[PDB]
Every structure is written in C-alpha cells, then in structure tokens.
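J.: For reference, the structure I am asking about is given below.
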Amino acid sequence: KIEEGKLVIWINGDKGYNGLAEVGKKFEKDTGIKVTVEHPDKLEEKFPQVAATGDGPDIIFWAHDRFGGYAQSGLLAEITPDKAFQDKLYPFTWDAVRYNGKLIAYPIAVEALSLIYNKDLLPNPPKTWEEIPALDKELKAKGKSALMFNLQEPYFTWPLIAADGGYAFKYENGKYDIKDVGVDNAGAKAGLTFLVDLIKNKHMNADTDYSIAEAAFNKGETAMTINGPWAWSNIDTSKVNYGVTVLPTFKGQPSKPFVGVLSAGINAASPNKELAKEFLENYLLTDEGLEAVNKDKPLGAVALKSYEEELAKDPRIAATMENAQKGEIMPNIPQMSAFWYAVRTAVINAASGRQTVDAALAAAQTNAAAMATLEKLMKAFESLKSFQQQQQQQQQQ
Amino acid sequence: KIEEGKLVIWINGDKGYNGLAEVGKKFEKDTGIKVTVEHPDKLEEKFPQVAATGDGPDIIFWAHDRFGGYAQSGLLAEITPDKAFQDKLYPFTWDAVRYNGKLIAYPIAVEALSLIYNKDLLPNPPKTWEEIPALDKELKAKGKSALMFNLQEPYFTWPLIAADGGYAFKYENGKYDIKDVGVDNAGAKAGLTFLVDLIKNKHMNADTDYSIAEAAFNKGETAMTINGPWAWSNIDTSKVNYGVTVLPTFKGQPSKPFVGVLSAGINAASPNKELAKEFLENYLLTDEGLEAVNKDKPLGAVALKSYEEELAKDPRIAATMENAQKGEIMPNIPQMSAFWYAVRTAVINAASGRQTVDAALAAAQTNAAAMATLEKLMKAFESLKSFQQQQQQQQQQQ
Ligand SMILES: [Ca+2]
Ligand SMILES: [Ca+2]
Ligand SMILES: [Ca+2]
Ligand SMILES: [Ca+2]
Ligand SMILES: [Ca+2]
Ligand SMILES: [Ca+2]
Ligand SMILES: [Zn+2]
Ligand SMILES: [Zn+2]
Ligand SMILES: [Zn+2]
Ligand SMILES: [Zn+2]
Ligand SMILES: [Zn+2]
C-alpha cells in the first residue's frame, strides 16, 4: 500500500520517461530519497483502479481531460503552491487544472493544432479562413489542391466551428456551466455553414480520413494541412519544406482549437506529498527538469513561461503556443464524452446532405442535453452493480 | 369513508394503545365525542392505500419521516394552530414537520441516540471523541474494551461523520435543497477518517454489529456504548450500574445524530377535521394527554416544553433531549430513502480498506444521485404499469 520514504512516478512510455529518471538522480543526490518512473501498458486503467483503493504510484502523468474523472472519483490531494509559483507560468494553463474550483495537478506540457504548409508550393500562407477558396481554384487550376485534413473526425472540425461564438459549455468563473452549451448559436451557424459552402463549392472533400490528411500533404499535394506535433516526425520522413504557423482568422475571429495539457497530479493516499512538493516544484520544472524531458522526447509548448520562451525560437513551436492563447481548454468534465458523439454525428450530416447546418447543430445541442440522461442512466447501472456485487458476495454464503 | 361526527385513530404495538383510552374517555366526557383507537400492523402500507380512497383513520401517529411520502401524496391536512400554541413546544420540532413550507403534523415524541456507560468501570465518562482512543489503551490494560457499538449501519455511524459539518441535504427557509448534499466536504472527510483510525488502531473491529455490541455491554465487557430508548429494558435486565449522557464532541464541535419525532397528522378526507385539532390542542397536549401515555408506554422525550421540563429530572432523558436539540433533524423527502444505501456502502468500504475515505465519499454522490433518479424511474414506470389496469377495465373487460 503506497510507498512511505521513497517516490514512485508514472508516465506513458511514449512521453520522455528518461527526463524523470534523471530528475530522479537530481532528487536522489539532493535530499537522499529514491525516485523511479514506471510506463505500464495503458496506466489509464491501472491508476484509478488501484488508486481508488490506495496504492498505485505517488504521482501521475497524463493529459488533463482524464484527470477530471480521477478527481471526480477523488484521487488527487489538491496541490498548494504560492502566488510565486502560480505566477512562474501562464495564467490560462491554470484554468486547465480546476475541479469544483480547486487545484489538483501540476501542468506540464501543452498540445494544440497548427497550420502546416509547403513553402515550395505556398508563400506567406493565408491569415483568414476566407482566403482559401480564392487559393484553391488558383492552385487546383495547376492540378493541385488548396487544403486538406480529417473531415471524418470532429476534434479536427471544431477550430472553425468555435471560431465564431460556438463553444462547448461556458465555464463562467472557474467552474463549468452544464446548461450553457453554446453550439447552436450565432457562431456555430456561420461557422459550420462556411464548411458546407466549401464542400459544395468542391474545395473540400468529405470521405477525407486522417491518412488522407497526412498522406496527401506528404506527397506535395494539398499545400495546407492542419494537425498537431505528433506528425512533425513524419514530415522529415517525407522531407517536404514546411511549415507550421497560426491558424487563419474566420470573421476576423481567431480559429478556436482545443488544448490538451499534460501535467501531473498526486494520489491522495500517497503519504509523501511533501516529497512530491519540492520535487515537482523546483526540480521537475525550472528549465533543467523540463529540458531533460523534452530532450529524450519533445513536449512541444511547455507550461513554464521562461522555458517555452527559450525554445520558442522554433517557428513551429511558437505557432502551436499561439494557438493555445486563442484556444479552448479541453473540459475535463465527463460531459465531454457525449459532446464528442453528438457533434461527431452532427458533422457527418452537416455536409452529407442527409441533414442541414442549422438543423444539425440544433439537433446536436438538443441531443447533447439529452445525453446527460444516458449518463445519469449509465451511472445508475454502475450503482446497481456496486450493490448487486455485495449481494453476489452474500450469495456465496 | 373515514367517520363523520367521531374520531378513529391508529398507532402501533410499541405505543401503548390504552394510553389514549384515557384521552379518548376524557374527550368523550367533556364534549361527548366518541374516540376509538386501533392497533393494526402494516399501518405504513394499508394506510396510504385506504387514505387514497378517502378511507382510513381521521388521525395517525408515526415518526415524521414516513410522513414525507404521505405529505407529498397529499394525504395530510394542513394543520393550523397558533404561534401562541407553537411556543408550548420546542421550535425545532417544528422544523421537522413541513412539506414545502406548509405545516402537516402535530409533534409528539423525540428519539435520538445517547451515550451509555458503566459507572463501575468508568464513573465519570470521557465526552470527547479524540480522548476515546487513549481510554481503550487504559481499559484494554485490565481487559474490557473502551467502546463497542454498531458499525454496520449508518444511523449508528453517521453521528460522528456529521460531526465536523457533514450533512445529507441543506435546510434553511423551511425546505431541503435536493442538490446541496454535504457528504463530501472536510467534515465528512475528517468524520469517516477519524473512525477508521479506531479500527486501524485495534480499538474495535469492523465485524461488530448491533447484537454483538449490545451483548458485550450487557455483560460489562465494554465501558461505553451508543443506542436509543429501545435498550433501557435490556440493560435494567442486566442490572448494570449505567448512565446516559450527551455524546462526545469532535474538534470541539458537538457530534449530532438523526432525530425521530413521533407525530400526528390528519387525513385530507377526514370529515371530522374540527374535532381532531380540538382533541389534540387541549385534550391530548397538556401534562395529562402526555402523562396518560407515559404510564402506559414510556415515550422517552416529548416536544411539549411544559411536560418535557417535568420528566427531565430523569437524567436518561435530559441527555437524549440535549442530543436532539444539538441534532440534525432527519428529513422526510424520498431521496433520504436513497441516502441509506449510498452511505452504508461508503462506511463498510472504508471499514475494510476496500477503498479510501476520499474515494468512498465523493463516489457516494454518484450512488446518491443514481438512486434519486432511478427512484424517479420506479415511481414513473409505476404509472404506465398500474395504469395498464384502468387502461383495460375501462377499455372493455370482455
Ligand atoms: Ca474511431
Ligand atoms: Ca443558446
Ligand atoms: Ca480508419
Ligand atoms: Ca360537517
Ligand atoms: Ca436538554
Ligand atoms: Ca413495485
Ligand atoms: Zn511500456
Ligand atoms: Zn471558390
Ligand atoms: Zn538556456
Ligand atoms: Zn397489534
Ligand atoms: Zn493511537
């Protein structure tokens, strides 16, 4: 059960586990307490499974969206750093770590989407979403394509949708307003309409999957794709002079991408916490800490005001972060799981013809509210299961 | 259909049905009105059934909590005395009898848990939850545990959890906010935590139940125990020089359990109406009306400030009442029938290291809402289902 007098940390194999085992040594040769990392196949389960009963690691590394469901179930011994530490990094990052208003996890890395172009084919990109049609019939004219991305999925579509008005739930002062779902409103209407007005004017496709997004831009076709840092490696593979800058602005309004903060929280039943304190504080952070991580595997835009600043001399990194300033924190609330499906169906109909813009987005918000039910129910089942299992244990006699 | 020109009343077994015979004879002599009392079981089932058809008694006696399901289903007549009558009883007992603000029943008797100790092993008891661990150590030394009581149920474990500010729902303004469930704050946190640490530090095991604990005290093998007025008989039987006192405080804050006011409502149909109040008012709510039941059935405490102050020279009572005054009034709104299942689980889970404190409680709100909404299901489907008969009886019936 737990640790006591040591310190065990979990982070995903894919992320630079090596920086930790380094700050492990930094810690080991400074306070005299042993730190190690573990990268178990999909810890997502492992953690809340045994963390709920005490045990697991003392600390954890993962995207902030999932932390909600952990903090919801009661796992993170909410953190306490002073103004000094809070001020040491970006204010909007702090908005990404609030459940019931309280702090929970320390924010580490930040991923958001950018505009990747082909300089050999395209100069000074656009800067407004309204330029791209005038681009296409100019470039499609020479046998090419203006733009392409994942139109099949919805994580990718929101950037325009939200650009004007359209949001998920409004937070309104450091929480989430469950009622104030801002889809079928001013912004979403003309947001989505634009896209249908593209596909109907042949500029975009519909069948477009993710492969086709990556594959097409990669072969010098479609000099205009939108993706995140995870494909940056697969552009040196192709070797196509790119790329990466701030997204175009629809209706003057900045495009609105989603933001996923890595960050790290602390198991409540982990007797150490104080050791996670000074360790996470001024060992893990402070250039060096992050330096050591993002070296073995880059983290992209990072929480620390000073460090993100230093490697921002990368024209790619900078642009990602600039999309974070004018973006939406991925709400950690479990309501999001629904929003996905409801919006996913709304995009499949939007330009499918099977339905219309206005009517798709209304039926979606109408359906998104109608999903809480499905959850209230899902949870009711999960509750019957936690009484029925006591009955099952009473059944063996 | 009820009565008309009389008064027909139900009560229960452990309720001294003859006690009212004095009150129904004193009523019959002064105004000349016939007053028959019955003692039928399955009252809580056969009453809401008959009072739907306008039948049943003109008046009822039970604890306020069941009255929630009744009041809601419009079964009870709004009862209006006077603010100059309202001061004859304790104003708090009044906070315990109001469905959606409006008054619905006359309060009778108070039931809360009390601290029972043994003057032999401990002549003057602790009184602070926090001291309680050290005592086991003191007593355990000669044998005998400090404390053994029911750890399976939550009515027996909640008093401490609420201690630091934990609560089922929120009162204020004469209503209960169905959303403000306080079983997850620091009060709840420290409450449960503090308890676990008594099992943890082997002051008692989790397998202690109701009979297991009571038997152990009745043989004088634990110094203290906690229970209500249903023991007394059983402890006098054991001839143990005991005593009843106000419960221990945690973090200076006084503990507080759920209370249980016995009360009297009026059938909305009950054509007598005018005869009910008159009866309760002055024929059942003086010293005597209360006296007359006491001789039959000892009702621990009573809400009548006047008559209460009288039996108070009994210490076993003054302690109960003190406990109730400083106590969370048990609610009557349906969701409380859900609260039991949700909280019972959190308790047994932490009492096992099957999950943690913080994990049990924030995940009890899940279980709570889940019932409160499934509760809605059962109720609602029980429309369609029970409407299937009137569907077919009226449709045809061959
Ligand atoms: Ca899929
Ligand atoms: Ca709206
Ligand atoms: Ca596929
Ligand atoms: Ca009449
Ligand atoms: Ca008193
Ligand atoms: Ca049924
Ligand atoms: Zn692995
Ligand atoms: Zn065009
Ligand atoms: Zn440097
Ligand atoms: Zn009987
Ligand atoms: Zn101890």
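Residue names in the structure tokens use chain letters A, B, ... in the order shown, residue numbers from 1 in each chain, and ligand numbers from 1 in the order shown.
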Within 12 Å of ligand 1, counting only C-alpha atoms and all ligand atoms, which protein or nucleic acid residues do you find, written as a count of residues only?
T.: 10
J.: Within 8 Å of ligand 2, counting only C-alpha atoms and all ligand atoms, which protein or nucleic acid residues do you find, written as a list in words?
T.: residues 180, 181, 182, 183, 184 and 185 of chain A
J.: Give me, as a list in words, the set of residues whose atoms come within 6 Å of any atom of ligand 7, counting only C-alpha atoms and all ligand atoms.
T.: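 Those residues are residues 13, 39, 40 and 41 of chain A.
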J.: Put those residues in a file: N, CA and C atoms, as a PDB file, in the first residue's frame.
T.:
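In the end it all went to result-v4.pdb:
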```pdb
ATOM      1  N   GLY A  13       4.996   5.499 -21.678  1.00  0.00           N
ATOM      2  CA  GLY A  13       6.150   5.108 -22.483  1.00  0.00           C
ATOM      3  C   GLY A  13       6.465   6.063 -23.610  1.00  0.00           C
ATOM      4  N   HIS A  39       6.266   2.826 -16.791  1.00  0.00           N
ATOM      5  CA  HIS A  39       5.464   3.069 -18.003  1.00  0.00           C
ATOM      6  C   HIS A  39       4.581   1.873 -18.416  1.00  0.00           C
ATOM      7  N   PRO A  40       3.620   1.484 -17.545  1.00  0.00           N
ATOM      8  CA  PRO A  40       2.841   0.262 -17.734  1.00  0.00           C
ATOM      9  C   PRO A  40       1.783   0.426 -18.809  1.00  0.00           C
ATOM     10  N   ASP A  41       1.623  -0.603 -19.645  1.00  0.00           N
ATOM     11  CA  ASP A  41       0.692  -0.552 -20.778  1.00  0.00           C
ATOM     12  C   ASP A  41      -0.654  -0.010 -20.328  1.00  0.00           C
TER      13      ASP A  41
END
```
J.: Show me which residues line ligand 5, defined as having an atom within 10 Å of a ligand atom where only C-alpha atoms and all ligand atoms count, and present them as an mmCIF file with N, CA, C and O atoms, in the first residue's frame.
T.:
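selection.cif written:
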```cif
data_model
loop_
_atom_site.group_PDB
_atom_site.id
_atom_site.type_symbol
_atom_site.label_atom_id
_atom_site.label_comp_id
_atom_site.auth_asym_id
_atom_site.auth_seq_id
_atom_site.Cartn_x
_atom_site.Cartn_y
_atom_site.Cartn_z
ATOM 1 N N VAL B 246 -24.954 13.068 27.137
ATOM 2 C CA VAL B 246 -24.631 13.710 25.868
ATOM 3 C C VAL B 246 -23.377 13.086 25.225
ATOM 4 O O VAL B 246 -22.389 12.795 25.905
ATOM 5 N N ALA B 301 -38.584 11.287 25.317
ATOM 6 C CA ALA B 301 -38.750 12.727 25.426
ATOM 7 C C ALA B 301 -40.048 13.133 24.746
ATOM 8 O O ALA B 301 -40.567 12.391 23.912
ATOM 9 N N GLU B 308 -42.173 18.246 29.057
ATOM 10 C CA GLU B 308 -40.781 17.828 28.925
ATOM 11 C C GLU B 308 -39.981 18.216 30.167
ATOM 12 O O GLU B 308 -39.421 17.349 30.842
ATOM 13 N N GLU B 309 -39.957 19.513 30.469
ATOM 14 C CA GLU B 309 -39.225 20.048 31.617
ATOM 15 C C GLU B 309 -39.503 19.257 32.893
ATOM 16 O O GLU B 309 -38.711 19.303 33.829
ATOM 17 N N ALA B 312 -37.708 15.620 32.915
ATOM 18 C CA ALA B 312 -36.288 15.970 32.806
ATOM 19 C C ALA B 312 -35.439 15.623 34.031
ATOM 20 O O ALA B 312 -34.211 15.505 33.918
ATOM 21 N N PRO B 315 -32.314 11.778 34.321
ATOM 22 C CA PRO B 315 -31.105 12.078 33.565
ATOM 23 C C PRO B 315 -31.055 11.406 32.185
ATOM 24 O O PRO B 315 -30.604 12.028 31.219
ATOM 25 N N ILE B 317 -33.201 11.047 30.110
ATOM 26 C CA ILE B 317 -33.965 11.859 29.178
ATOM 27 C C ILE B 317 -33.238 13.168 28.866
ATOM 28 O O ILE B 317 -32.968 13.459 27.706
ATOM 29 N N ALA B 318 -32.902 13.942 29.896
ATOM 30 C CA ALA B 318 -32.225 15.228 29.706
ATOM 31 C C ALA B 318 -31.072 15.115 28.713
ATOM 32 O O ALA B 318 -30.812 16.046 27.954
ATOM 33 N N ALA B 319 -30.409 13.960 28.720
ATOM 34 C CA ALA B 319 -29.312 13.665 27.805
ATOM 35 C C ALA B 319 -29.799 13.476 26.368
ATOM 36 O O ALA B 319 -29.241 14.066 25.440
ATOM 37 N N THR B 320 -30.834 12.652 26.197
ATOM 38 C CA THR B 320 -31.492 12.435 24.898
ATOM 39 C C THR B 320 -31.921 13.763 24.256
ATOM 40 O O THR B 320 -31.596 14.039 23.099
ATOM 41 N N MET B 321 -32.634 14.579 25.026
ATOM 42 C CA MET B 321 -33.146 15.860 24.563
ATOM 43 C C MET B 321 -32.040 16.836 24.209
ATOM 44 O O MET B 321 -32.105 17.514 23.186
ATOM 45 N N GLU B 322 -31.040 16.919 25.075
ATOM 46 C CA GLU B 322 -29.848 17.694 24.798
ATOM 47 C C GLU B 322 -29.279 17.272 23.448
ATOM 48 O O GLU B 322 -28.991 18.116 22.602
ATOM 49 N N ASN B 323 -29.147 15.959 23.246
ATOM 50 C CA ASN B 323 -28.655 15.398 21.988
ATOM 51 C C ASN B 323 -29.503 15.777 20.791
ATOM 52 O O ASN B 323 -28.978 16.029 19.714
ATOM 53 N N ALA B 324 -30.815 15.808 20.978
ATOM 54 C CA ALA B 324 -31.708 16.144 19.889
ATOM 55 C C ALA B 324 -31.633 17.624 19.562
ATOM 56 O O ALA B 324 -31.593 17.992 18.389
ATOM 57 N N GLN B 325 -31.607 18.466 20.595
ATOM 58 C CA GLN B 325 -31.511 19.916 20.416
ATOM 59 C C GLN B 325 -30.282 20.271 19.577
ATOM 60 O O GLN B 325 -30.339 21.137 18.697
ATOM 61 N N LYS B 326 -29.184 19.568 19.838
ATOM 62 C CA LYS B 326 -27.939 19.768 19.106
ATOM 63 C C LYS B 326 -27.838 18.815 17.903
ATOM 64 O O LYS B 326 -26.739 18.494 17.438
#
```
J.: Range 186-280 of chain A: which residues are helix (DSSP H, G or I) by DSSP, as a PDB file with C-alpha atoms, in the first residue's frame?
T.:
```pdb
ATOM      1  CA  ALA A 186     -24.584  32.742 -33.755  1.00  0.00           C
ATOM      2  CA  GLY A 187     -21.055  31.398 -34.086  1.00  0.00           C
ATOM      3  CA  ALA A 188     -21.804  27.763 -34.865  1.00  0.00           C
ATOM      4  CA  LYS A 189     -24.269  28.575 -37.634  1.00  0.00           C
ATOM      5  CA  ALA A 190     -21.987  30.554 -39.972  1.00  0.00           C
ATOM      6  CA  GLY A 191     -19.024  28.630 -38.614  1.00  0.00           C
ATOM      7  CA  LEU A 192     -20.393  25.351 -39.965  1.00  0.00           C
ATOM      8  CA  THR A 193     -22.056  26.984 -42.996  1.00  0.00           C
ATOM      9  CA  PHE A 194     -18.644  28.032 -44.263  1.00  0.00           C
ATOM     10  CA  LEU A 195     -17.545  24.377 -44.369  1.00  0.00           C
ATOM     11  CA  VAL A 196     -20.645  23.253 -46.244  1.00  0.00           C
ATOM     12  CA  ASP A 197     -20.087  26.222 -48.598  1.00  0.00           C
ATOM     13  CA  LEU A 198     -16.606  24.816 -49.201  1.00  0.00           C
ATOM     14  CA  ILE A 199     -17.550  21.219 -49.885  1.00  0.00           C
ATOM     15  CA  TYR A 210      -6.726  11.071 -41.249  1.00  0.00           C
ATOM     16  CA  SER A 211      -4.487   9.005 -43.527  1.00  0.00           C
ATOM     17  CA  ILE A 212      -5.619  11.109 -46.463  1.00  0.00           C
ATOM     18  CA  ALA A 213      -4.902  14.290 -44.433  1.00  0.00           C
ATOM     19  CA  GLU A 214      -1.325  13.134 -43.740  1.00  0.00           C
ATOM     20  CA  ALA A 215      -0.747  11.167 -46.985  1.00  0.00           C
ATOM     21  CA  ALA A 216      -1.935  13.979 -49.294  1.00  0.00           C
ATOM     22  CA  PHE A 217       0.121  16.863 -47.825  1.00  0.00           C
ATOM     23  CA  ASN A 218       3.091  14.474 -47.639  1.00  0.00           C
ATOM     24  CA  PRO A 229       3.055  17.853 -33.154  1.00  0.00           C
ATOM     25  CA  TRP A 230       2.719  14.012 -33.401  1.00  0.00           C
ATOM     26  CA  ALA A 231       3.223  14.159 -37.187  1.00  0.00           C
ATOM     27  CA  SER A 233       8.474  13.482 -37.387  1.00  0.00           C
ATOM     28  CA  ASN A 234       6.525  12.287 -40.414  1.00  0.00           C
ATOM     29  CA  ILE A 235       7.349  15.458 -42.323  1.00  0.00           C
ATOM     30  CA  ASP A 236      11.089  14.755 -42.170  1.00  0.00           C
ATOM     31  CA  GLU A 274       5.826  16.850   0.672  1.00  0.00           C
ATOM     32  CA  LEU A 275       8.351  14.920  -1.368  1.00  0.00           C
ATOM     33  CA  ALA A 276       6.233  15.498  -4.432  1.00  0.00           C
ATOM     34  CA  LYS A 277       6.208  19.125  -3.312  1.00  0.00           C
ATOM     35  CA  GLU A 278       9.875  20.242  -3.545  1.00  0.00           C
ATOM     36  CA  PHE A 279      10.430  17.611  -6.275  1.00  0.00           C
ATOM     37  CA  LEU A 280       7.700  18.754  -8.585  1.00  0.00           C
TER      38      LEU A 280
END
```
